[PDB]
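Below is one structure, written out as structure tokens, with a few remarks after it.
Laid out in structure tokens, this is it:
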């Protein structure tokens, strides 16, 4: 809901909203949200391809 | 308004809603001088605290004679506009056949 | 920019030699309690008649 200048200063640093794990077999939820280096753009533009 | 529709929209989120969080004691300055009441303060008298602010320069633009816009306009400087009402230029064209 | 008013507390210092409780004392500088036999400092009393 916030203005987009907050959204640029938030997207570069904050973790996603419950994203998926890597390197394991099934797509698990991440709970150790301290190591995975994902940058997903599915948030900001609200899309699905 | 509410954060938008304004000159300089990058300094929106910095100036408006960050300073409300921080400025609880107004301590972003450089302390330089003190006014000790008398020769010996004894930590009892009210000590005055002199501060120093941080101001940036105004972004300067050099006058347009260095710009190439001077080609578009011959520039005669003029001494009193409140004295001229309606200046004019008259052309006279003779036309052969 | 504008100024500040510094207000600090002042508490009067305490020295046990300065307070006059010390008439109930003989305040002696001393070095080694670690060379004392327990329960034993004697002093002799003569009550001449």
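Residue numbers (the entry's author numbering), protein chains in the order written: chain S, 1279 to 1327; chain X, 3 to 99; chain 4, 51 to 99. From the three backbone atoms N, C-alpha and C, an ideal C-beta is built for every residue, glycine too.
Item	Value
Test: residue 1302 (chain S) CB closer than 8 Å to a CB of chain X	no
Three-way DSSP call (helix, strand, coil) for residue 1307 (chain S) in this model	strand
Short CB-CB distance (under 8 Å) between residue 79 (chain 4) and chain X	no
Selection of the stretch 4-23 of chain X by Cβ proximity to chain S, strictly under 8 Å	5, 6, 11, 12, 14 and 15
CB of residue 56 (chain 4) within 8 Å of CB of residue 48 (chain X), strictly	yes
Residue 1309 (chain S) versus 1290 (chain S), 1295 (chain S), 1322 (chain S) and 1324 (chain S), residue with shortest Cα-Cα distance	1295 (chain S)
Identity of the residues DSSP links to residue 37 (chain X) by a beta bridge	50 (chain X)
Residues within the stretch 59-72 of chain 4 neighbouring chain X, beta-carbon criterion of under 9 Å	59 and 60
Residue 60 (chain 4), DSSP secondary structure in three states	coil
DSSP state of residue 70 (chain 4) mapped onto helix, strand, coil	helix
Contact the stretch 14-23 of chain X vs the stretch 1280-1288 of chain S: 3+ CB pairs below 8 Å	yes
Cβ of residue 40 (chain X) within 8 Å of any chain 4 Cβ	no
Contact under 8 Å by Cβ, residue 63 (chain X) with residue 53 (chain 4)	no
Euclidean distance between Cα positions of residue 75 (chain X) and residue 93 (chain X)	19 Å
Own chain, CB closer than 7 Å to residue 23 (chain X), minus 5 neighbours either side, in chain order	none
Nearest-angstrom Cα separation, counted from residue 45 (chain X) out to residue 1411 (chain S)	Not covered by the structure: residue 1411 (chain S). The range shown for chain S is 1279 to 1327.
Distance between residue 29 (chain X) and residue 1289 (chain S) (C-alpha atoms, nearest Å)	30 Å
Limits of the unbroken alpha helix (DSSP H) element including residue 1288 (chain S)	1282-1289
Residue 22 (chain X) - containing alpha helix (DSSP H), residue span	21-24
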